[PDB]
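Trainee: what's the 3D shape of this:
(one chain, ligands or ions: 4)
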Amino acid sequence: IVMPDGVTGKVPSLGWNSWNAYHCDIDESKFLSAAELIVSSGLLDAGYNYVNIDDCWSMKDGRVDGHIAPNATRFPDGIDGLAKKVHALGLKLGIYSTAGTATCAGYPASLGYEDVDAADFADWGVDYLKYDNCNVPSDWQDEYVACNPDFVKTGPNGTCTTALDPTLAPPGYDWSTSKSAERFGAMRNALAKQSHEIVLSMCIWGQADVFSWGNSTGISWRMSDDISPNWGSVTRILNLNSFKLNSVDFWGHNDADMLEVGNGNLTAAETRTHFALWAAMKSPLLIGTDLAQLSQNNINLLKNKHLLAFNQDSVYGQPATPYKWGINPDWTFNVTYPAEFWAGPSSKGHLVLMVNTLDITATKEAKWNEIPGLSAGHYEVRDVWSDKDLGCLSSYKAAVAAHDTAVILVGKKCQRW
Ligand SMILES: *[C@@H]1O[C@H](CO)[C@@H](O[C@@H]2O[C@H](CO)[C@@H](O[C@@H]3O[C@H](CO[C@H]4O[C@H](CO)[C@@H](O)[C@H](O[C@H]5O[C@H](CO)[C@@H](O)[C@H](O)[C@@H]5O)[C@@H]4O)[C@@H](O)[C@H](O[C@H]4O[C@H](CO)[C@@H](O)[C@H](O[C@H]5O[C@H](CO)[C@@H](O)[C@H](O)[C@@H]5O)[C@@H]4O)[C@@H]3O)[C@H](O)[C@H]2NC(C)=O)[C@H](O)[C@H]1NC(C)=O
Ligand SMILES: *[C@@H]1O[C@H](CO)[C@@H](O[C@@H]2O[C@H](CO)[C@@H](O[C@@H]3O[C@H](CO[C@H]4O[C@H](CO[C@@H]5O[C@H](CO)[C@@H](O)[C@H](O)[C@@H]5O)[C@@H](O)[C@H](O)[C@@H]4O)[C@@H](O)[C@H](O[C@H]4O[C@H](CO)[C@@H](O)[C@H](O)[C@@H]4O)[C@@H]3O)[C@H](O)[C@H]2NC(C)=O)[C@H](O)[C@H]1NC(C)=O
Ligand SMILES: *[C@@H]1O[C@H](CO)[C@@H](O[C@@H]2O[C@H](CO)[C@@H](O)[C@H](O)[C@H]2NC(C)=O)[C@H](O)[C@H]1NC(C)=O
Ligand SMILES: *[C@@H]1O[C@H](CO)[C@@H](O[C@@H]2O[C@H](CO)[C@@H](O)[C@H](O)[C@H]2NC(C)=O)[C@H](O)[C@H]1NC(C)=O
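Mentor: Numbers count the residues shown, from 1 in each chain. Ligands and ions are numbered 1, 2, ... in the order given. Next comes the structure:
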């Protein structure tokens with residue numbers, strides 16, 4: 001969705017969110033520390049400007065006089081006070097609610113209270129709303145389910161049938177008028193009435209075919225169930241998103257979920273793959289780890305100037321897309337062996353990414369004729385990881401470590417042949 005100021009939300013949101021770092025165990029100090037570290041580490045300089053509050057911020061046990069109350073134990077100066085502090089550092093503040101009767105963690109939520117909550121969030125100076133999808137009561141549930149392989153039983157190749165799920169929507173169903181669309185549109189409309197600009201992140205997990213109606217409603221939409229800090233989760237979301245990239249352009253980006261950089265059992269290679277593909281798919285990039293414990297190597301990864309420039313390109317709205325699946329035939333839905341060969345144009349040239357989904361080193365080759373927008377011949381090439389010149393090349397062949405991604409930027413043609 002386009003926003004009134006003509007800029008905010010046009011390219012993907014960059015920031016930090018408490019959830020993958022702290023889950024339900026949050027307080028004001030955690031946000032202030034995050035804000036200070038985003039500035040001092042250079043992350044703000046790299047473009048990361050949102051400090052986003054996730055679930056568990058309010059008094060759990062009900063509204064106070066019809067309003068969601070901040071938990072004052074956690075936020076002694078309120079959300080408004082926190083917003084002041086964050087804004088003084090040149091940053092923006094995000095908050096969280098749910099399009100249901102309680103949040104996913106059981107806190108007050110906004111279904112039927114969209115105008116009241118929007119007004120409070122705006123009065124506090126909040127800049128960004130993550131709006132989750134738990135706890136939808138009967139009179140607001142959808143009639144049917146959409147074919148979302150993360151939530152519905154599938155046959156081969158991620159296909160749905162009413163034999164597999166008798167509540168699967170009939171052929172031709174118009175999701176743009178489902179109850180899910182209504183629930184999210186109600187919050188769109190409430191936020192749009194406020195005299196403070198709040199962008200809407202639609203945390204709907206790829207449900208209700210948000211791909212078809214999302215752009216009319218918010219700036220971004222989750223496209224899968226919740227991420228976990230492991231390779232299986234990374235490949236699952238990569239596979240799912242690889243089929244949905246025609247929904248991604250200016251003002252409306254599929255959200256591959258909060259980054260797991262620095263977390264869990266992800267290896268160095270797996271972490272590069274995750275970051276690089278989230279960037280290239282033009283998902284919002286929300287850091288989700290305690291920055292006080294994040295290695296400099298991971299900080300430097302998050303600041304990768306080429307991946308950030310690509311993600312943030314103000315001329316090319318579309319993401320990198322798969323040009324060859326690799327181990328499987330093109331367009332094969334597979335949660336463990338997603339599409340390997342990706343590319344897309346930008347102001348700085350064509351970004352090309354080659355994911356090694358095998359668990360041993362493998363040679364991978366970027367062949368220009370295979371890549372949309374390029375043709376046989378020689379191009380000037382740069383390695384995105386090392387920022388080194390790779391020369392004037394007729395193709396690019398690399399040994400890629402297990403679960404790593406080779407990433408290059410293809411510049412000008414350097415010979416006609
Ligand atoms: C498993 O499930 C998946 C997901 O549902 C199914 O995926 C199908 O697979 C189809 C092929 O079986 C595939 O059809 C191809 O479509 C391309 C055009 O693709 C563009 O436009 C489509 C419609 O709007 C989009 O769906 C595409 O988006 C998808 O792909 C992009 C990446 O490419 C992703 O970014 C995106 O997220 C999404 O996944 C995309 O925007 C056709 O070009 C292609 O046509 C082929 O046969 C034609 C002959 O009839 C021929 O004319 C074509 O020419 C090509 O090759 C020629 C050389 O022979 C060249 O000369 C031409 O220049 C050209 O390059 C070509 O040979 C084919 O129709 C669908 O797009 C895809 N749908 C989706 C949503 O992904 C699988 O089929 C399932 N697998 C099994 C098995 O069941
Ligand atoms: C969800 O809804 C939104 C809102 O409706 C949809 O957003 C719309 O997306 C389209 C597709 O991306 C936008 O159209 C395209 O915009 C780009 C970029 O325009 C801006 O770029 C121009 C270039 O900047 C230059 O900067 C350079 C330095 O960095 C330098 O070289 C120059 O000095 C320039 O300053 C600039 O002229 C504009 O003013 C912008 O500021 C265009 O490049 C596209 O044109 C290309 O595509 C055309 C159509 O194919 C065609 O003419 C030709 O191919 C051309 O090369 C194109 O116009 C559109 O603006 C945008 N709408 C809004 C309101 O922002 C979104 O698509 C939708 N999602 C989906 C999935 O549909
Ligand atoms: C508001 O937040 C406080 C602080 O996290 C919560 O109080 C903690 O509650 C746990 C579980 O009962 C106790 O173990 C801690 O000792 C409490 N900490 C402090 C500093 O008191 C509290 O439950 C929250 N209240 C509401 C209504 O959400
Ligand atoms: C997902 O793709 C992989 C890779 O092509 C499939 O794994 C192969 O399966 C065949 C049959 O079991 C074996 O011969 C190969 O050894 C497997 N290769 C690897 C690298 O593991 C897998 O079956 C696919 N999954 C589904 C459900 O289709």
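Trainee: residues in the stretch 51-200 of the chain within reach of ligand 3, list them.
Mentor: 59-61, 71, 73-74 (CB under 6 Å from any ligand atom). Every C-beta, even on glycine, is put in place using the N, C-alpha and C of the backbone.
Trainee: Which two of these have the greatest separation?
Mentor: Spatial extent of those (CB to CB) is set by the pair 61 and 74 at 13.9 Å.
Trainee: the more surrounded of these two?
Mentor: residue 74 (19 against 11; other CB atoms under 10 Å).
Trainee: separation between the nearest residue to that one once chain neighbours are set aside and residue 86?
Mentor: Ranked by CB to CB, 6 or more residues apart in numbering and with sequence neighbours excluded, the top spatial neighbour of residue 74 is residue 27, at 4.1 Å. To residue 86, residue 27 is 14 Å away according to CB to CB, to the nearest Å.
Trainee: Who has more neighbours out of those two?
Mentor: A count of neighbours by other CB under 10 Å puts residue 86 above the other of residue 27 and residue 86, at 26 against 16.
Trainee: So that one is in contact with residue 33, correct?
Mentor: No - if you go by CB atoms under 8 Å, residue 86 and residue 33 don't touch, sitting 11.6 Å apart.
Trainee: Would you mind naming what in this protein lies close to ligand 2?
Mentor: 2, 215, 247, 249-252, 315, 317, 347.
Trainee: Could you count how many residues lie near the closest residue to residue 141 other than its chain neighbours?
Mentor: Spatial nearest neighbour of residue 141, excluding adjacent residues (CB to CB, 6+ apart): residue 179 at 6.4 Å. The number of residues packed near residue 179 is 15, by other CB under 10 Å.
Trainee: what about the helices in the stretch 251-400 of the chain?
Mentor: Taking DSSP state H, counting those that start in this stretch to define them, one finds helices in the stretch 251-400 of the chain at 268-280, 296-302, 305-311.
Trainee: Out of the ones you listed, which one sits most buried?
Mentor: helix 268-280 (a mean of 24; mean count of other CB atoms under 10 Å).
Trainee: can that one be found next to ligand 1?
Mentor: No - Helix 268-280 is not in contact with ligand 1 by CB under 6 Å from any ligand atom; minimum separation 11.6 Å.
Trainee: what's next to that helix, contact-wise?
Mentor: 231, 234, 238, 256, 259-262, 266, 285, 297-298, 301-302, 304, 307-308, 310-311, 319-320, 342, 344, 351, 353, 355-356, 384-385, 401-405, 407 (CB atoms under 8 Å, 6 or more residues apart in numbering).
Trainee: one more time with 7 Å
Mentor: By CB atoms under 7 Å, 6 or more residues apart in numbering, the surrounding residues in contact with helix 268-280 are 231, 234, 238, 256, 259-261, 266, 285, 301-302, 307-308, 310-311, 319-320, 342, 344, 351, 353, 355, 401-405, 407.
Trainee: got the contact list for the closest residue to residue 92 other than its chain neighbours?
Mentor: Ranked by CB to CB, 6+ apart and with sequence neighbours excluded, the top spatial neighbour of residue 92 is residue 127, at 3.9 Å. Residue 127 makes contact with 92-94, 197-198, according to CB under 7 Å, 6+ apart.
Trainee: how far away is residue 127 from residue 218?
Mentor: On the measure of CB to CB, residue 127 and residue 218 end up 14 Å apart.
Trainee: quick one, phi psi at the residue of the chain found nearest ligand 2?
Mentor: Residue nearest to ligand 2 within the chain: residue 317 (3.1 Å; CB to the nearest ligand atom). Dihedral pair for residue 317: phi -80, psi -30, per degrees, to the nearest 10.
Trainee: so what's the most centrally placed residue in the chain bridging to?
Mentor: Nearest to the centroid of the C-alpha atoms of the chain, with distances taken as CA atoms, centre = their mean, sits residue 255, at 3.0 Å. On the basis of DSSP bridges, residue 255 is bridged to residue 222.
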